[PDB]
């Protein structure tokens, strides 16, 4: 039932993520509150966030809360991938541990354009330049993500493609410390098989789109490797930037 493995994964994607590509493009076309300077950030915090430090530290805390929620949605999505709930609980944990941020930065592309990113459930839009304006090390977090996203978005994927791509990212048989490698590789084989057939049908004019996407998965691995290095730096050198517990679990010992 290949056409139904795809549909099951797509359905699980639409069920579990608040933000997706069709919703983001509707908003990014035609109004989110633009955050482009310190004044608008403060106004946005008044109107979009309920409950005092440097601007950069407040942005970092809001971002963490968001990542905590995305990690939670991705866990629910993962449990809905055929076979995943059958793996060993340790392997489930290992697959999400290394997979979530690859998935998060793929999906972040959906809400990014070259000028900024849609944030807060579609209700704000932060300019890329404002984020560059922040002081080090916080002006370094988002930029490499915009760079990745501009290359990713040029592939013109839709949510049916992205759902399978994210499933393939999560079902990766070469993560450090997997116990039952063969069981994961067999799952991934089927997802990737369905992804190749789905792209062939959904994008019949890009004959290299499947290997283009495999390469993006390796690009996202490097992107997360570097991201985890910037986070480790932040966690040493910034007194006010402690990680939410679930995020500490995920980053501890990562790369």
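Positions refer to the first chain, counted from 1. Between two forms, the rigid core is the largest collection of C-alphas that superpose within 1.5 Å.
Stretch 78-86 versus stretch 95-103: after rigid core alignment, which one is farther off in C-alpha RMS in 9 other deposited structures of this protein?
Clearly, after the core fit, the stretch farther away in 9 other deposited structures of this protein is 78-86.
Deposited residues omitted from coordinates between residue 51 and residue 52, as a class:
4 to 9 residues are missing.
Counting only residues from the deposited sequence, how many are left out of the model between residue 30 and residue 31 (none, 1 to 3, 4 to 9, 10 or more)?
Count of unmodelled residues in between: 4 to 9.
If you average the CA temperature factors over each stretch, which comes out higher, 181-189 or 98-106?
Result: 181-189.
For the stretches 52-60 and 195-203, which has the higher mean C-alpha B-factor as given in the deposited record?
According to the entry, 52-60 carries the higher average C-alpha B-factor.
What third of its chain, lowest, middle or highest, does the C-alpha temperature factor of residue 12 fall into?
Ranked within chain, residue 12 CA B lands in the lowest tercile.
Ranking every modelled residue in this chain by its Cα temperature factor as given in the entry, which third contains residue 47?
CA B-factor rank for residue 47: middle third.
Third assignment of residue 141 from its chain's C-alpha B-factors
It belongs to the highest third of the chain when residues are ordered by C-alpha B-factor.
Could you tell me which third, lowest, middle or highest, the C-alpha B-factor of residue 70 occupies within its chain?
Tercile = middle for this residue's CA B-factor.
Which third of the chain holds residue 83 when residues are ordered by C-alpha B factor: lowest, middle or highest?
Within its chain, residue 83 is a middle-third residue by C-alpha B-factor, going by the deposited values.
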